[PDB]
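Q: Line by line, the protein sequences give chains 6 and Z.
PDB author numbering numbers the first residue of the first sequence as 4 and each following residue consecutively.
PDB author numbering numbers the first residue of the second sequence as 105 and each following residue consecutively.
Before I ask anything, let me first share the structure, which is written out below as structure tokens.
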Amino acid sequence: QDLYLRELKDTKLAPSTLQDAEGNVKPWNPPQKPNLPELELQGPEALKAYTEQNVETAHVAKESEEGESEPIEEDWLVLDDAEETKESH
Amino acid sequence: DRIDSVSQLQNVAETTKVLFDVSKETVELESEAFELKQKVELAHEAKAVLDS
Numbered sequence: 004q005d006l007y008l009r010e011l012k013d014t015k016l017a018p019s020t021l022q023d024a025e026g027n028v029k030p031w032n033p034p035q036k037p038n039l040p041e042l043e044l045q046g047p048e049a050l051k052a053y054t055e056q057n058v059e060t061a062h063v064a065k066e067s068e069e070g071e072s073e074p075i076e077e078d079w080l081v082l083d084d085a086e087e088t089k090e091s092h
Numbered sequence: 105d106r107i108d109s110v111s112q113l114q115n116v117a118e119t120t121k122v123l124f125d126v127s128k129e130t131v132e133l134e135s136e137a138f139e140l141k142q143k144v145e146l147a148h149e150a151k152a153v154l155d156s
């Protein structure tokens, strides 16, 4: 009946321009467009960090080297220190 | 007494070679998943942003 149809029609006048269409909004003085799709579109990345973890910064892992590939000055010293330990061992 | 002392390491030194060998790899073979760590952490932020 009509009293539901007219409020169903009312759903096709007041909120039809709200989200069903993009005719901004008549009852509201503040606009609907420059909040969610431009200011709050970056809103999720205005809550998290930008240009570091949304870009995600796929960074090359810092490379770690061996013991400088210099065995002679330490292996014999370790061998000399191994003599010291095994006397105490 | 020196019979026992010598016999303490009769079998040790040659068996410490494979010990010294394998210990070297088991220590310094942790780089492949270190790079996987780089992509695993890459996955978490990828999940994090989309969850965000």
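Built from N, CA and C at the ideal position, the CB exists for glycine as well.
1. What residues from chain Z crowd round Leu50 (chain 6), counting only those whose CB sits closer than 9 Å?
2. Below 9 Å on C-beta distance, what does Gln114 (chain Z) contact in chain 6?
3. According to DSSP, is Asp78 (chain 6) helix, strand or coil?
4. Return helix, strand or coil for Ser67 (chain 6), following the three-state DSSP convention.
5. Going along chain 6 in order, which residues have a C-beta closer than 9 Å to the C-beta of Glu129 (chain Z)?
6. Under 8 Å between beta-carbons, which chain 6 residues line up against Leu146 (chain Z)? List them in chain order, please.
7. Three or more C-beta pairs under 8 Å: does that hold for the region 115 to 135 of chain Z against the region 7 to 15 of chain 6?
8. Using DSSP with H/G/I as helix, E/B as strand and the rest coil, what is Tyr7 (chain 6)?
A: The answer reads as follows:
1. Per Cβ cutoff of 9 Å: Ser156.
2. The contacting residues do not exist; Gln114 (chain Z) stays about 16 Å from chain 6 at best.
3. In the structure shown, the three-state DSSP call for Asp78 (chain 6) is helix.
4. In the displayed model, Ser67 (chain 6) falls within coil according to three-state DSSP, outside both helix and strand.
5. In chain order: nothing, as chain 6 lies at least about 13 Å away.
6. Contacts between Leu146 (chain Z) and chain 6, judged by CB atoms closer than 8 Å, involve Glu59 and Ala61 in chain order.
7. No: the two stretches stay apart, fewer than three of their Cβ pairs being nearer than 8 Å.
8. Helix.
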